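The chain contents come next:
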Amino acid sequence: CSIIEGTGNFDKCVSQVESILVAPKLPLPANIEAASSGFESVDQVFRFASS
Amino acid sequence: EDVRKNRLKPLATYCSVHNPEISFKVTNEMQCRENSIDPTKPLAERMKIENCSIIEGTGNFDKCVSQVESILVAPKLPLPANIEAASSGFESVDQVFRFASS
């Protein structure tokens with residue numbers, strides 16, 4: 001990868017933020033504390049507890 | 001033959017795709033699969049030792065130690081339902097004396 005070019009596609013951006021950051025396949029690294037409290041990722045927070 | 005008396009019932013019950021701890025966490029699913037328990041299968045096949053009719057003793061202590069080490073004491077992945085041990089910094093028994101000692 002030489003160059004990064006913007007495509008300005010918000011829905012593709014949301015889709016990627018969801019798969020990479022919010023709901024990843026495995027927890028994002030250095031998150032043993034979150035995992036120990038029962039939450040691997042952001043998507044799990046509102047699934048197991050809500051207020 | 002009673003399912004409630006089978007020593008695998010607690011583990012096979014934990015290791016289920018219908019348990020949110022397995023269905024939402026690949027981590028836990030992989031720990032189950034590492035101990036030959038497929039969480040996608042019914043309870044009866046999760047507890048079953050496939051294509052095995054008879055267990056025969058060989059009375060070989062060193063082979064026994066070798067297996068207890070690889071299966072129980074130093075497994076590739078932490079044994080299932082051990083988030084508490086892992087959170088305190090220890091995935092398995094072998095890590096306890098490596099990281100801390102007295």
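Residues numbered from 1 in each chain as written, not as in the entry; some residues may be left out. Chains lettered and ligands numbered in written order. Part of a larger assembly, values for the part shown. Heavy atoms only, no water.

The deposited coordinates, according to the entry record, derive from X-ray crystallography at 2.40 Å resolution.

What follows deals with the packing of aromatic side chains. Evaluated as defined, the whole model comprises three aromatic pairs over all chains. Here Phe39 of chain A and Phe48 of chain A contribute two aromatic rings whose centre-to-centre distance is 6.4 Å and whose plane-to-plane angle is 25°, an arrangement assigned as stacked. Looking at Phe39 of chain A, the relative accessible area reads 23%, which means it is partly exposed. The interplanar angle of 85° and the centroid separation of 5.4 Å between the aromatic rings of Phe48 of chain A and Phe24 of chain B together place this pair among those described as edge-to-face. Taken together, the positions of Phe48 of chain A in helix 3 (residues 42-48) and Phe24 of chain B in the loop between helix 2 (20-23) and helix 3 (26-33) put the pair across two chains. Classification of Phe48 of chain A as partly exposed rests on a relative accessible area of 34%. An aromatic cluster is built from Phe39 and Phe48 of chain A together with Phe24 of chain B, whose rings are joined through pairwise contacts. (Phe/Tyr/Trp six-rings, centres within 6.5 Å; stacked < 30°, edge-to-face > 60°. Buried < 20%, exposed > 50% of the residue type's maximum accessible area, 1.4 Å probe, protein only. Helix = DSSP H or I, 4+ residues; strand = E, 2+ residues; numbered from the N terminus.)

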